[PDB]
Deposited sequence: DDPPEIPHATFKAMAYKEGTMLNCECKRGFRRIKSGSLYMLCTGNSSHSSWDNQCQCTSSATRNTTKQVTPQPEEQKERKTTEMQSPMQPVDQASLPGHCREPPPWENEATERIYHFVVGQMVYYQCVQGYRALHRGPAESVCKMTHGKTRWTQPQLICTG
């Protein structure tokens, strides 16, 4: 699926679990030595460098175990504590995303 969408919030990811995809699609390839994308933190790729003719949006299909952060958009403040995080955890052979605990107010 996709990360849950919180009002006035823009999810972000520091590092992508190996297996993410963005010529059909890019692919994060990693070995013991290092990890790097192909088809142009260990076990995790870094953000791919820009390449011209971009789409204004980046679409990522996320494998199990991805981690993200939620930041309130400009003009709002976080009522609760801590950078909220969302992870995908297998449950009874069903993929799902953990719900964050965050509200942005203004």
(message) In sequence order, which parts of the deposited sequence are missing C-alpha coordinates?
(response) 23 to 36, 55 to 95
